[PDB]
**Student:** 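Just dropping this structure here.
To find a chain, count down the sequence lines: A is the first, B the second, and so on, and within it residues start at 1. In each ligand, atom 1 is the first atom listed, and ligand 1 is the first ligand listed.
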Amino acid sequence: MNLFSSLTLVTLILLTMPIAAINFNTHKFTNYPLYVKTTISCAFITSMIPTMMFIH
Amino acid sequence: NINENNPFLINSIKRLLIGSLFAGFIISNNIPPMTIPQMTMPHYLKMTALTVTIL
Amino acid sequence: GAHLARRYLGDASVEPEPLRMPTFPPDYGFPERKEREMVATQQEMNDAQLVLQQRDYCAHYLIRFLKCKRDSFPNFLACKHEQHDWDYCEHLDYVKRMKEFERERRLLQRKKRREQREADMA
Amino acid sequence: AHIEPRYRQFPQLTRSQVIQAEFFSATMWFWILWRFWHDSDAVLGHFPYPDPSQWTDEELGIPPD
Amino acid sequence: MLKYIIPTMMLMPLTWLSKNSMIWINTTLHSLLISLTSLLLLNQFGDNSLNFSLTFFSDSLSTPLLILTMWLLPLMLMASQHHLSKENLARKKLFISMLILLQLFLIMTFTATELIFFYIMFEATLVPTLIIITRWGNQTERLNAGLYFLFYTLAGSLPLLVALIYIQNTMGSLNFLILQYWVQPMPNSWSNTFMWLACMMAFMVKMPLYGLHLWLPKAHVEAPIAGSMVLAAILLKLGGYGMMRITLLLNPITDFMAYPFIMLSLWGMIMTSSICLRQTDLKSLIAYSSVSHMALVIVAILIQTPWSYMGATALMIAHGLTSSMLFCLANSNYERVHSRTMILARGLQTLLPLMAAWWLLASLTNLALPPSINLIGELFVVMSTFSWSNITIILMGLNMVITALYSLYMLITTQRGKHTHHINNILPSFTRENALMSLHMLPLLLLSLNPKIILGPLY
Amino acid sequence: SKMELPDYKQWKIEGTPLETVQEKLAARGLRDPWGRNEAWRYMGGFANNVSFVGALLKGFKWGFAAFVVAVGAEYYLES
Amino acid sequence: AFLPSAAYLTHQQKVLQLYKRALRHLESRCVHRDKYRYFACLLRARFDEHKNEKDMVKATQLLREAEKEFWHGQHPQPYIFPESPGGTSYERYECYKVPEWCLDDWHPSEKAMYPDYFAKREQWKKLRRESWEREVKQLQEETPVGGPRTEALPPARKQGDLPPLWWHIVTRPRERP
Amino acid sequence: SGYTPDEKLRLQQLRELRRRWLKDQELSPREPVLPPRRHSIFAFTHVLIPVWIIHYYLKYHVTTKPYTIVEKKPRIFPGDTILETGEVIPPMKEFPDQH
Amino acid sequence: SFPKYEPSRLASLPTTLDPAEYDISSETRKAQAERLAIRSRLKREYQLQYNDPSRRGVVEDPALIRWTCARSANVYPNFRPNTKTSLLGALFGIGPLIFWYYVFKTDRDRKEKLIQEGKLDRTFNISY
Amino acid sequence: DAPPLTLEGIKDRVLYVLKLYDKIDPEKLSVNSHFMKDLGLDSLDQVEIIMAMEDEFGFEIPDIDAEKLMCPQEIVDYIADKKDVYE
Amino acid sequence: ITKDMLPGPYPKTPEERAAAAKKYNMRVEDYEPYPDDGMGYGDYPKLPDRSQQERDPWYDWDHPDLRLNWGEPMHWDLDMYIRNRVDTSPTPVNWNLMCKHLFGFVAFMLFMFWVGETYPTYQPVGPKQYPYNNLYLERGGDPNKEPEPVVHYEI
Ligand SMILES: CCCCCCCCCCCCCCCCCC(=O)OC[C@H](COP(=O)([O-])OC[C@H](O)COP(=O)([O-])OC[C@H](COC(=O)CCCCCCCCCCCCCCCCC)OC(=O)CCCCCCCCCCCCCCCCC)OC(=O)CCCCCCCCCCCCCCCCC
Ligand SMILES: CCCCCCCCCCCCCCCCCC(=O)OC[C@H](COP(=O)([O-])OCC[N+](C)(C)C)OC(=O)CCCCCCCCCCCCCCCCC
Ligand SMILES: CCCCCCCCCCCCCCCCCC(=O)OC[C@H](COP(=O)(O)OCCN)OC(=O)CCCCCCCCCCCCCCCCC
Ligand SMILES: *C(=O)CCCCCCCCCCCCC
């Protein structure tokens, strides 16, 4: 129960974090699109755990 | 100017290519049954989708 | 799909309506016709949380298959036998429904021959 | 070295894109033939479809009058 | 409420004794301090209103309108200090004094315990607004707009004066707290029919009702920017406030007196929204959209259900902030191109990207994007009108098509497309202007976090 | 920087369907003045493109080889 | 019909424009290059058949029924070039074509990032403002009475002068900014 | 026919001025003159610290309130052993074997 | 032969299928030349101000100001109450009000009649 | 992507397409070979040359500009001006 | 701008018509006003009711997005006939033929859905058979009452 719900909300909060990064910026970015791509790849990896323990 | 040799392009098409090969199999064998699948039907009616696609 | 052409283009009095059948009693033609045996207990398929479409006369194979599918994780390809058992018994239920359909069609043919014999006799 | 553009002729191909394209084509046909070898019933049919006209009146209960 | 009346009056010696470069900074600072102090009015209870004295009281209806009123004054001072820069110093102080006087009249309009004092403040708000329109408006038609704004309002309000004095002579009082307990049912008679019209038509004009709205696409258009801000954001809402106070006394005749006027709004919000599809004047488009949004508030007050009053007061606060920001955006382009014609300056996202982001946000709040309180008020009114009669969803839903279709058209015509070639005085966005846009939009977005404070006395 | 264009004299329409086009035009008294402009599309590496069943059966040979190897592997591995 | 220099299209111009529209719509109908090339030479023969027609009423009539021919045989979705009007990439980059005068509105801390560029822009602006009065007095000494007749502009007739009304043609944005 | 000599002269002069303008849109080698201005930290700041924050939030503020995280009760089969009771679920009735 | 193009209100006739397009008559030459002269004079009047270095602002377009004044302020001083405007103002102004009045009135009378007879399923309706 | 055109490259390509046209002998052609006066071509041939230029470079030349490009140097200068070469 | 360049009342005399045509920067032979029925048009020209998509796109317009020149008398519905909006451009197929084909196709498809709803396809089977009185307690039947015995037999 504690793993499932935590990683569930971690997926959504992790997806929201580059929006805060692009809104709280000063510099010209060191490849912000790579940052968002890495973020969504890791959100996919994080979301696979509640999926697998749903399959179980 | 035909060129497709960027690893971004190649890997991004490659992961959806692995998806378009295997993901129907993997998802259809991981999901639970929520209905009862109809698996008894006549031979003209079982082969209808493939035959209509080939036609 | 020939029965669609027989019901729509032929006559519908001898063809069985799908929405309301059997119109004949279940004992009409059977010496001591026994009931269908339900294997899974009502509490057992209640606690297995099966879909109400799936709580038919052959849900015990489905309970065995879902217990296999839980116990054989992550090897999701390791319960083909229980799945084929449940699919085969659903196939047998579908054959029983086809037998009910053909029984009703033959009894409507019997009633058609009965009324034609009664018109030709008296 | 990146691909130089050409004029009115076939472009420069890298070895890598050719071997990956052929590898995934062979992967597709391997998967189609493999699953067709093993399953063979999702395409051609799982269970035999019985003929209702071949059924006896005894098993369906049609008393002759 | 005297702890807000006396600082608002002390804004008069604060602006008439300030140095000639200091009269905007000091008034902006101390009006922001009054607006910070306004949050003490949120001492509300689930049963009892915050009843200060014999003269002043504040429930959860008057409280958000008070906070919005006391917040709107610094924003009007920021919006109006640019186009009055070359103005004479004493006329500049007279302008600020009229805004201060209007805030003073409004904050004891909303807290008037007794209804004839409500009427005196409610009609006292005409005179600074009239003077601001007809003195600091830009064009020739400000005089005719002042005449229309004065004479629809007084022709509506003088039967309200007669009817309120009649209630005083009949019930013995015009205390709203007394009239919560001594309210008698109003039966079916012609005398009570004209009683209902005399109690309602003044607020019908001030909302405005469709068919009586004709003063508004002049008075909102010919005014200066502070005049348009206070007319759209606060002065329309005096009508809805007065309706929510006066329909206590108008039961059960309202249940069959509301039928024409409900039609006049349910069709009228289709018409004025449709009118916003063909407005060439951007400021007139925002005016007709204000009529279109207040028609839903008219329907929600006339059907008198709890969901309807909650959606009506949420939509009043939300429309106050949204229409005030839309007029400030229209002025930010008028201060550059010197024409209110919407087709003139196009492609402005290429030239002003952050200002185009503010245009996007104010358009999305105009078209009721969830979870904004525009959508909260819109949605609760739609729920209550569906429960009223199920067919009304057609006139609701069709409205929500057209409300999108002028909101993004206003976004597409002004900001998108190719920029106009012959216009070359498009300066970058001043810090005052972006500050103004943020001081509108950021409270409107933060109120989605805690919307229960803008949902009226029966949340 | 400076790109070298190939020779214009190497684009000849003999052996291409432009030759069939020019013959059917000369059969009714016409001549084809833009043949060598279109000649590069039917020559070089863009000549002899596959058919549609050859397009679908791309990689079928190695896929069939890997299939036969894997079927033999599981046919021996069961024992 | 509608042209900047000429008031009308001549009959010869109408035949040429119908020929080009017919070949483009034919290429839209006749996708492959050899098949288009065959039918395009056939259409060229059809236009060569009535080339030496001297009766202008007969030529205008043939052009009119050739337009009706084209209108019956047009493609519903003709091929449009991507930057041609009606294209997929047409007026796509117009959001990136910022005019030059906005560079005047820049802050001096972001003008100091490009010292040579703005130092070179200053002599362009100076050249424009010293050429402006000479080219206005060139336009007024050459335009006929009643205003100009066509929208054509004269060139720079003297040495040292720039052509009149040249700034927003020369300093237009690039097609790919 | 094509251009008039005035049109050719005007297009040549506009073309020369346009090519000078486009050349003068180039950059200097010093330009843009700018003013003078941990391997898996993404798995720490963007993942692991949010798992900490969200686990604290759900454990001590959300699950401490009723019916906030409501889980579907787990699926029970004939033949299972309950962890909270030890009560063995009795297995199914013997099958009328079909094959 | 070929089907003739039938032009409509929202699908106009092509330029090449209009029989007035092929006018070689001298009066049409005069009309096209005079329109060319008007357009060239307006073009020159625009781009003298448009290419001005001293001008910094908006080249005002009296066609545009004229259009907005016709769309906004000229409507009532050129209105006459006659048969056409009165029938269109009664048909489009009070007509839909009468229509939606009778629709919503009939609906609410039917609903209230069902409610006070205990007929409307109002089982869980407690938000209103 | 998108290689930059130059005046020499555009000149090479325009003369290359014109050297593949069987109504122009490629030894008489130069950069100033007028199509109607020097090369002796029809106006239909000039339209087909401009359409081959469009198919070569990938952008439509309008007819008000197509009916005035009467030498290959005019075509090169037009493609140069409409594509902004030598930046 | 001043008084004599603003729109005025409907012209009746030919000199007033000529002054109006000179005001709107167009020829007298091309200047038609709206018919004087008192709708509020005045002297404003009835431009020929085309969309701005039909304007020549290769022409150098003063407003290229609008395809409209400076000083040109705008259409009364210029904000309506922008290229983001209502198009009047000539269609390859006739308008009436388009309306007839689309109405015929939609009406024929809805008619055939009504026909197929009247004559549905199905399978030669009986009803799906459920135990425990067609699952009486599962479908929400109350346990204090008792259903009639629904019995299914072997076949
Ligand atoms: C109490 C504490 C609260 C803390 C949390 C904050 C809560 C909300 C507060 C207000 C949030 C908006 C403020 C920033 C945007 C406005 C200015 C702007 O555009 O700046 C761009 C700029 C970044 O862009 P840039 O590249 O630099 O230049 C801009 C370009 O010129 C051109 O830029 P552009 O056009 O490319 O980009 C503009 C783009 C435009 O983006 C869009 O148009 C997309 C948004 C709409 C569709 C998607 C969202 C739909 C709704 C779902 C989200 C809400 C619910 C989510 C929760 C789950 C579901 C319930 O804007 C965004 O993406 C903004 C992201 C956030 C959007 C919020 C919703 C606005 C949409 C309209 C209303 C919707 C309903 C109401 C929602 C209210 C939620 C509370 O941002 C900043 O520099 C940030 C400035 C500082 C922001 C301060 C925020 C707090 C203000 C309150 C102060 C007091 C309280 C203290 C809180 C302090 C927190 C740190
Ligand atoms: C914005 C423009 C439109 C504004 C509309 C304003 C409202 C329209 C209706 C107003 C009616 C007049 C005031 C009514 C006050 C009612 C108070 C009361 O106790 O009534 C019961 C009293 C009843 O008398 P009573 O209460 O003393 O008697 C005891 C009770 N009974 C009757 C049982 C014995 O009503 C009256 O005495 C008369 C009421 C009707 C008055 C008709 C004259 C005015 C007609 C309408 C004018 C509308 C505005 C005109 C200007 C427009 C612009 C130029
Ligand atoms: C299960 C039930 C299913 C039922 C299905 C059938 C019912 C619906 C029937 C269809 C109704 C909607 C379609 C008609 C309106 C379409 C408007 C639109 O998108 O127009 C596009 C037009 C320009 O686009 P276009 O010309 O296509 O672009 C080519 C590229 N230049 O853009 C413009 O011209 C801009 C126009 C802006 C203003 C639009 C004004 C009209 C608004 C119509 C609202 C209709 C609301 C209906 C409410 C019903 C409530 C129940
Ligand atoms: C009777 O035929 C029962 C089957 C359902 C009705 C007919 C369906 C016909 C289309 C499916 C088969 C197509 C074969 C090419």
**Student:** Measure from atom 54 (C) of ligand 1 to every heavy atom in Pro353(E), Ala20(A), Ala357(E), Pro371(E) and give the option owning the shortest one.
**Tutor:**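 Among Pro353(E), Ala20(A), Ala357(E), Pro371(E), the closest heavy atom to atom 54 (C) of ligand 1 belongs to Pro371(E).
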
**Student:** Take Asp56(K) and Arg67(K), measure what salt bridge (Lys or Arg N to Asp or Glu O under 4.0 Å) needs, and give me the verdict at the end.
**Tutor:** CA-CA 8 Å; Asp56(K) 194 0; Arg67(K) 296 180 185 176; over 6 Å; no

**Student:** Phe24(A) heavy atoms, cut-off 4.0 Å: which ligand 1 atoms fall inside?
**Tutor:**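 This gives 100 (C) as the contact atoms.
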
**Student:** With no hydrogens and no angle check, just 3.5 Å: does a side-chain donor-acceptor pair link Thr322(E) and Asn374(E)?
**Tutor:**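 Per modelled atom types, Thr322(E) and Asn374(E) side chains form a pair under 3.5 Å.
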
**Student:** Should the proximity of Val205(E) to ligand 2, defined as any heavy atom under 4.0 Å, be assigned to the side chain, the backbone, both, or neither?
**Tutor:**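 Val205(E) to ligand 2: side-chain contact only, backbone stays beyond 4.0 Å.
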
**Student:** Any chance the side chains of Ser363(E) and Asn366(E) put a donor and an acceptor closer than 3.5 Å?
**Tutor:**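 No - no donor-acceptor pair under 3.5 Å links their side chains.
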
**Student:** Could you tell me if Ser157(E) and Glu123(E) have a donor-acceptor pair between their side chains, going purely by distance under 3.5 Å?
**Tutor:**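 There is such a pair between these side chains.
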
**Student:** Any sub-3.5 Å donor-acceptor pair from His213(E)'s side-chain atoms to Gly211(E)'s backbone N or O?
**Tutor:**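 Side chain of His213(E) to backbone of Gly211(E), a donor-acceptor pair under 3.5 Å: yes, one is there.
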
**Student:** Are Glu91(G) and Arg83(K) close enough for a salt bridge, meaning some N to O gap below 4.0 Å?
**Tutor:**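 Between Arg83(K) and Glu91(G) there is a salt bridge, with a charged N closer than 4.0 Å to a carboxylate O.
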
**Student:** Measure the distance from atom 45 (C) of ligand 3 to every protein heavy atom, then report the residue, atom name and distance (to 0.1 Å) of the closest one.
**Tutor:**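 Protein heavy atom with the smallest distance to atom 45 (C) of ligand 3: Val401(E) CG1, 4.9 Å.
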
**Student:** Do protein heavy atoms approach atom 37 (O) of ligand 2 to less than 4.0 Å?
**Tutor:**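 For atom 37 (O) of ligand 2 the answer is no, since every protein heavy atom stays at 4.0 Å or beyond.
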
**Student:** Could you tell me the residue and atom name of the protein heavy atom closest to atom 13 (C) of ligand 1, and the distance to it rounded to 0.1 Å?
**Tutor:**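 I find the closest protein heavy atom is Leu442(E) CD2, 3.7 Å.
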
**Student:** Starting from atom 31 (N) of ligand 3, what is the nearest protein heavy atom, named by residue and atom, and what distance separates them?
**Tutor:**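 That would be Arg83(K) O, 4.5 Å.
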
**Student:** What residue and atom, counting heavy atoms only, is the protein's closest point to atom 22 (C) of ligand 3, and at what distance?
**Tutor:**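 The closest one turns out to be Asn84(K) O, 4.8 Å.
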
**Student:** Give the contacting part of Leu449(E) toward ligand 1: side chain, backbone, both or neither, where contact means a heavy-atom distance below 4.0 Å.
**Tutor:**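 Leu449(E) to ligand 1: side-chain contact only, backbone stays beyond 4.0 Å.
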
**Student:** Is the ring pair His61(H)/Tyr57(H) parallel, tilted or perpendicular, if the boundaries are 30 and 60 degrees?
**Tutor:**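 Plane angle under 30°, so parallel.
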
**Student:** With heavy atoms of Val86(K) as the reference, note each atom of ligand 3 found under 4.0 Å away.
**Tutor:**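 Checking each atom against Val86(K), I get 34 (O).
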
**Student:** To the nearest 0.1 Å, how far is atom 17 (C) of ligand 2 from its closest protein heavy atom, and which atom is that?
**Tutor:**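 That would be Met195(E) SD, 3.6 Å.
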
**Student:** Using a cut-off of 6.0 Å, state whether more than 12 heavy atoms not belonging to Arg245(E) lie near its atom CZ.
**Tutor:**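 Yes, CZ of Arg245(E) has more than 12 neighbouring heavy atoms, counting only those of other groups under 6.0 Å.
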
**Student:** Specify whether the nearest protein heavy atom to atom 60 (C) of ligand 1 is under 4.0 angstrom away.
**Tutor:**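 When distances to the protein are checked, atom 60 (C) of ligand 1 has no heavy atom within 4.0 Å.
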
**Student:** Just to be sure I'm reading this right: ignoring hydrogens, which of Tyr152(E), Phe194(E), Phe151(E) gets closest to atom 40 (C) of ligand 2? Compare them by their nearest heavy atoms.
**Tutor:**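 Going through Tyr152(E), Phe194(E), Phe151(E) one by one, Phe194(E) has the nearest heavy atom to atom 40 (C) of ligand 2.
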
**Student:** Among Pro187(E), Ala155(E), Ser157(E), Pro159(E), which residue places a heavy atom closest to atom 10 (C) of ligand 2?
**Tutor:**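 Shortest heavy-atom distance from atom 10 (C) of ligand 2: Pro159(E).
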
**Student:** Testing the 3.5 Å rule here: is there a donor-acceptor pair between the side chains of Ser292(E) and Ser273(E)?
**Tutor:**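 Yes, because at least one side-chain N or O of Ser292(E) sits under 3.5 Å from a partner of the opposite role on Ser273(E).
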
**Student:** Counting only non-hydrogen atoms of the protein, does one fall under 4.0 Å from atom 29 (C) of ligand 3?
**Tutor:**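 No.
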
**Student:** What residue and atom, counting heavy atoms only, is the protein's closest point to atom 3 (C) of ligand 2, and at what distance?
**Tutor:**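 The closest heavy atom on the protein side is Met201(E) CE, 4.1 Å.
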
**Student:** Looking only at protein heavy atoms, identify the closest one to atom 27 (O) of ligand 2 and say how far it is in Å.
**Tutor:**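 The protein heavy atom lying closest is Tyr166(E) CE1, 4.1 Å.
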
**Student:** Under 3.5 Å, side chain of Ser51(K) to main-chain N/O of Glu54(K), donor-acceptor pair present?
**Tutor:**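 Not confirmed, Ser51(K) side chain does not pair with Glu54(K) backbone.
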
**Student:** Would you say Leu354(E) and ligand 1 have an N/O pair spaced under 3.5 Å apart?
**Tutor:**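 Right, the criterion is met.
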
**Student:** Could you identify the single nearest non-hydrogen protein atom to atom 23 (C) of ligand 2 and state the distance to 0.1 Å?
**Tutor:**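 Scanning the protein heavy atoms, the shortest distance from atom 23 (C) of ligand 2 goes to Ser191(E) OG, 3.4 Å.
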
**Student:** Protein heavy atoms: any of them under 4.0 Å from atom 5 (C) of ligand 2?
**Tutor:**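 For atom 5 (C) of ligand 2 the answer is yes, since some protein heavy atom falls inside 4.0 Å.
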
**Student:** Looking only at protein heavy atoms, which one is nearest to atom 7 (C) of ligand 2, and how far off is it?
**Tutor:**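 Looking at atom 7 (C) of ligand 2, the protein heavy atom closest to it is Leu197(E) O, 3.6 Å.
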
**Student:** Can you find a protein heavy atom closer to atom 45 (C) of ligand 2 than 4.0 Å?
**Tutor:**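 It does not: no protein heavy atom is found less than 4.0 Å away from atom 45 (C) of ligand 2.
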
**Student:** For ligand 1, is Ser438(E) a contact, meaning one of its heavy atoms is under 4.0 Å away?
**Tutor:**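 No, that is not the case, since the closest heavy atom of the residue is not under 4.0 Å from the ligand.
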
**Student:** Closest non-hydrogen protein atom to atom 15 (C) of ligand 2, residue and atom name please, with distance?
**Tutor:**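 Ranked first by proximity to atom 15 (C) of ligand 2 is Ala198(E) CB, 3.7 Å.
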
**Student:** Got the closest protein heavy atom to atom 39 (C) of ligand 3, with its distance?
**Tutor:**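 Of the protein heavy atoms, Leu405(E) CD1, 3.8 Å lies nearest.
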
**Student:** Under the 4.0 Å line, does any protein heavy atom show up next to atom 34 (O) of ligand 3?
**Tutor:**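 Under the 4.0 Å cut-off, atom 34 (O) of ligand 3 does have protein heavy-atom neighbours.
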
**Student:** Which ligand 1 atoms does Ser372(E) reach within 4.0 Å, using its non-hydrogen atoms?
**Tutor:**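 The atoms of ligand 1 under 4.0 Å from a heavy atom of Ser372(E) are 75 (C), 76 (C).
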
**Student:** Would you mind checking which non-hydrogen protein atom is closest to atom 47 (C) of ligand 3, with the distance to 0.1 Å?
**Tutor:**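 It is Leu398(E) CD1, 4.9 Å.
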
**Student:** For atom 26 (O) of ligand 1, which protein heavy atom lies nearest, and how many Å away is it?
**Tutor:**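 Going atom by atom, the protein heavy atom closest to atom 26 (O) of ligand 1 ends up being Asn25(A) ND2, 4.7 Å.
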
**Student:** In terms of atom number and element, which parts of ligand 1 are under 4.0 angstrom from non-hydrogen atoms of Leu364(E)?
**Tutor:**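 With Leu364(E) as reference, the close atoms of ligand 1 come out as 43 (O).
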
**Student:** Mark up the atoms of ligand 1 that fall under 4.0 Å of a heavy atom belonging to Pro370(E), in ascending order.
**Tutor:**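 Those qualifying, in numeric order: 51 (C), 74 (C), 75 (C).
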
**Student:** Between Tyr406(E) and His293(E), how do the two ring planes meet: parallel, tilted or perpendicular, split at 30° and 60°?
**Tutor:**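 Ring orientation, 0 to 90° scale: perpendicular.
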
**Student:** Identify, by atom number and element, the atoms of ligand 1 in contact range of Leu361(E), meaning under 4.0 Å from any of its heavy atoms.
**Tutor:**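 That gives atoms 16 (C), 70 (C), 71 (C) of ligand 1.
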
**Student:** Are any non-hydrogen side-chain atoms of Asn188(E) and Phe256(E) less than 4.5 angstrom apart?
**Tutor:**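 SC-SC contact between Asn188(E) and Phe256(E) confirmed.
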
**Student:** Under a 4.0 angstrom heavy-atom cut-off, which atoms of ligand 1 come close to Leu360(E)?
**Tutor:**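 Numbered from 1, ligand 1 contributes 40 (C), 43 (O).
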
**Student:** Counting only heavy atoms closer than 4.0 Å, does ligand 1 sit against the backbone of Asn23(A), its side chain, both, or neither?
**Tutor:**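 Both backbone and side chain.
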
**Student:** Looking only at protein heavy atoms, which one is nearest to atom 36 (C) of ligand 3, and what is the separation?
**Tutor:**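 So the nearest neighbour among protein heavy atoms is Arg85(K) CG, 4.5 Å.
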
**Student:** Is there a protein heavy atom less than 4.0 Å away from atom 13 (C) of ligand 3?
**Tutor:**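 No, there is no protein heavy atom closer to it than 4.0 Å.
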
